[PDB]
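Visitor: The structure that follows is given in the form of structure tokens.
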2 protein chains.
Amino acid sequence: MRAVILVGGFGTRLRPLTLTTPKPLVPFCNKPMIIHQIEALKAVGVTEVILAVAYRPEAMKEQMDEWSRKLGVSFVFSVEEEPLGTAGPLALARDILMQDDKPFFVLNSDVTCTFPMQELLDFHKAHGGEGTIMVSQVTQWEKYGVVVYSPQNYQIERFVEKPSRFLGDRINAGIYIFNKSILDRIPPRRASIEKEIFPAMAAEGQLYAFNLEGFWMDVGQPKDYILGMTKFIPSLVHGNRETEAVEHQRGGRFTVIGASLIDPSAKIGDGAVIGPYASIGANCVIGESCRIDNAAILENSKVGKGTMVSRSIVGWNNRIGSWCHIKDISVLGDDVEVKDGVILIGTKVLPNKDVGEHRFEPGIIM
Amino acid sequence: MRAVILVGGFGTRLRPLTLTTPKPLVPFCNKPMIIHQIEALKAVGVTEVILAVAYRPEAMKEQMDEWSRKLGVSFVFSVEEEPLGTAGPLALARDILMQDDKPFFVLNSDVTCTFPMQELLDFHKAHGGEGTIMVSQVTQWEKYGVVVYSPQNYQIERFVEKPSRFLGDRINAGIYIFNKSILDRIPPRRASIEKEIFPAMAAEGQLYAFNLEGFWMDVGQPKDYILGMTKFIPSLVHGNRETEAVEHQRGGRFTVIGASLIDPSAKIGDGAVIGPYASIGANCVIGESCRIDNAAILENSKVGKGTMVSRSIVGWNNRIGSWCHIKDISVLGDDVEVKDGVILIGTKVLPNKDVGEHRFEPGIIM
Ligand SMILES: Nc1nc2c(ncn2[C@@H]2O[C@H](COP(=O)(O)OP(=O)(O)OP(=O)(O)O)[C@@H](O)[C@H]2O)c(=O)[nH]1
Ligand SMILES: Nc1nc2c(ncn2[C@@H]2O[C@H](COP(=O)(O)OP(=O)(O)OP(=O)(O)O)[C@@H](O)[C@H]2O)c(=O)[nH]1
Ligand SMILES: [Mg+2]
Ligand SMILES: [Mg+2]
């Protein structure tokens, strides 16, 4: 069995972080998103993964995916292309897929969940896609805007965008499984699986929905990134080596208020308070009395004593001041440096900036 | 020789702090303002001080002035009255002053300076007031609005409020010395020495100005309070017992960036940074990594770890949160409690309040 992960795309919603690295390689918790998906696929038994590489063809994706040496898995890297939409990469990779009898997986690099992959053995009952349109129950389906009408027969009647009537609560989950015959349907041009191939499959009656019992989150947005991290860390606390604690004696003496993920190589202050559902990257340095409430600290980032970053994302090589407050949903770029006492209330800072002014309202720092 | 200190007044400009204690008893640095003035007068040799008490007749001024037991000085406390303006208390205290031959001092409880009181022996050269209208050079005389025209003869021509032309830079310093004959000029009614008696003396030619070489500040306003504290602390560091530090090993280990005043009974953190020109009151508790930049911490106030209060005044029995900012010119009342993470940018909080909302603009919390 083999999988195809759509690793292209410009990462527009995660823009301050995706101006440096592609969206699949943006670290979620303490690993890249695509790495979580590849680990799930390896747990399945999948050995071949095909990456649809359009954004950063060789500068980032090929070089940074040295994880092929680990994980006992190999990536094809034969879908280098110009932007071909969401469905075109499958048409391009038709040749490398060989049109074998065995079906193949399809995944997006923006989804996190328990990854129930027993949809391989299940849902083989005469489906063009064996429960391919995987769906999750979300009470906020109106703003998500992709509602899938799945009856008890699981035959997709239609796809509705922003439905006024309560047709259903299930929304697309971004995980698919296709028989290779679909390669005939996909044209060799720019197309979207969501808005071109899927309506045709639903009309033809070959599209079947698979329900998702566990948690699910599309983390392609900073708000969704934070909330999905909150949902995800409790699942992964016992999985990894990172009382009411996960890493309580890494550096000096500091307090942990709940689940978190602190890398072994990170030094965590003295008396700091690593809050619930917080991620600290490798080689990161945390000040004495910091408050890492719901923030993600990525790679070689340094945070000064007394800083309080909550529900915010800081970049890879930041140098945060001492007594700062980075609140709300604030995203910092690759090399942003913040002076002491600066308050950023949900402001997105582009890479390689220096912040020295208080920003009390959401905005963008060019 | 005796002095009279105008200790009445409602303290309107220092309102958040003067709703609990009178303006003379508001602690400046680590002592009441009137205590600084009385110490200066005792250094001169004045043994009798007459306090014109109108605001809080006996609830505050009489009880709290147990300093008469110390300092080797005695207060008459015979000018309890209804509001009689700035000049009326002298008419009321005419009798207790006994109309003796020896001149008498007059002071306001709002002025801080080096207190050059050699104007006693000096300026006796045929003056109704021996350099009574003491003046200080201020480059911002427009906003101060009380400009004294002092020529080389020192005869006050007139008083001008907000003068358009550059008549002069000297302004009233709030310290006067009077021959007792002035008791005949002051009528027994509500009057103002600044706007009724002093223009009359200037017209009569019996009003003489005394120049002030040293620093001076009227600290009746919170901004003026902070700036006068900044000017004053360096003079007082060597005077009192409170490298580049004044009190550097009081509690645990902490850093001092300049002049400060930390009471012996205050416990100061374990990594805190007591900044330049900061005052910490008695029995105060400071958190592990606080930052007291230019703030005055009064009495039994507790500050949590990571809090940064700069250029702000906290009340007597406050309980500040852990990771708060109290920035700009912010004044807190007697018993204000601030929750963790709250940011107060120059907001005045009335006594006995609880603050749990961020305030990014100057304002008043009722
Ligand atoms: N190979 C490839 N994959 C894409 C492309 N556009 C989107 N995807 C995939 O679709 C999923 C989500 O879309 P993103 O591009 O990341 O999000 P976006 O940048 O806001 O843009 P859209 O969702 O496409 O409107 C991710 O798996 C992407 O990798 C593309 O042009 N080429
Ligand atoms: N005894 C007495 N002293 C006063 C009175 N009003 C002002 N003073 C003195 O004048 C000086 C400054 O005035 P304050 O009253 O403190 O300041 P304020 O509250 O803004 O009001 P102003 O009188 O307009 O200045 C202080 O020494 C006061 O003690 C009063 O009604 N009675
Ligand atoms: Mg997405
Ligand atoms: Mg004053």
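Going by the structure tokens order, chains are called A, B, ..., each with residues numbered from 1, while ligands are numbered from 1 in the order shown.
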Skipping near chain neighbours, those fewer than 3 positions away, what residues fall within 8 Å of stretch 50-66 of chain A using only C-alpha atoms, listed as a ChimeraX atom specification?
Guide: /A:2-10,21-22,25,69-70,75-83,89
Visitor: Mind running chain A against chain B at 7 Å and telling me each contacting residue's nearest atom pair with the distance in Å (one decimal), counting only C-alpha atoms, chain and number ascending, as a Markdown table?
Guide:
| residue | atom | partner | partner_atom | distance |
| --- | --- | --- | --- | --- |
| A:289 | CA | B:306 | CA | 6.0 |
| A:306 | CA | B:306 | CA | 4.4 |
| A:308 | CA | B:323 | CA | 7.0 |
| A:360 | CA | B:360 | CA | 6.8 |
Visitor: Could you turn the residues from that selection into a file that holds N, CA, C and O atoms, as a tab-separated table (two decimals), in the first residue's frame?
Guide:
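Generated output (result25.tsv):
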chain	number	residue	atom	x	y	z
A	289	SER	N	11.18	33.48	35.20
A	289	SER	CA	9.79	33.51	35.67
A	289	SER	C	8.83	33.69	34.50
A	289	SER	O	7.90	34.50	34.55
A	306	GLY	N	10.46	36.79	32.99
A	306	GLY	CA	9.23	37.51	33.23
A	306	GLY	C	8.29	37.60	32.04
A	306	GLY	O	7.17	38.10	32.20
A	308	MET	N	5.51	36.71	29.34
A	308	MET	CA	4.29	35.91	29.36
A	308	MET	C	3.73	35.84	27.95
A	308	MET	O	3.11	36.81	27.48
A	360	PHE	N	-1.43	47.12	20.93
A	360	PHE	CA	-2.53	46.66	21.77
A	360	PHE	C	-3.72	46.14	20.97
A	360	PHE	O	-4.72	45.73	21.57
Visitor: Just checking: using only C-alpha atoms and all ligand atoms, which residue out of B:269, B:351, B:199, B:220 ends up closest to ligand 2?
Guide: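 With only C-alpha atoms and all ligand atoms as the atom set, the closest residue is B:220.
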Visitor: Can you work out which residues are within 7 Å of ligand 4, considering only C-alpha atoms and all ligand atoms, and then hand them over as number ranges by chain?
Guide: B: 108, 110-111, 218-220
Visitor: With N, CA and C atoms retained, write the just-selected residues as a short mmCIF file (atom, residue, chain, number, x, y, z; two decimals), in the first residue's frame.
Guide:
data_model
loop_
_atom_site.label_atom_id
_atom_site.label_comp_id
_atom_site.auth_asym_id
_atom_site.auth_seq_id
_atom_site.Cartn_x
_atom_site.Cartn_y
_atom_site.Cartn_z
N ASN B 108 3.98 74.90 52.15
CA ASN B 108 2.98 74.01 51.58
C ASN B 108 3.47 72.57 51.69
N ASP B 110 3.25 70.28 49.58
CA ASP B 110 3.31 69.73 48.24
C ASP B 110 4.66 69.93 47.56
N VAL B 111 5.61 70.59 48.22
CA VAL B 111 6.87 70.98 47.60
C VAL B 111 8.01 70.15 48.18
N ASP B 218 6.94 70.56 42.77
CA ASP B 218 5.63 70.45 43.38
C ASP B 218 5.04 69.09 43.03
N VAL B 219 4.85 68.25 44.03
CA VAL B 219 4.54 66.84 43.82
C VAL B 219 3.07 66.55 44.10
N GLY B 220 2.20 67.54 43.89
CA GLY B 220 0.78 67.34 44.07
C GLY B 220 0.10 66.58 42.95
#
Visitor: Just the residues within 7 Å of residue B:211, please, counting only C-alpha atoms, with nothing from its chain fewer than 6 positions along; format it as a list in words.
Guide: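 Skipping anything fewer than 6 positions along the chain leaves residues 134, 135 and 136 of chain B.
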Visitor: Excluding same-chain residues fewer than 4 positions from residue A:17, what lies within 7 Å of it counting only C-alpha atoms, as a ChimeraX atom specification?
Guide: /A:21,315,333-334
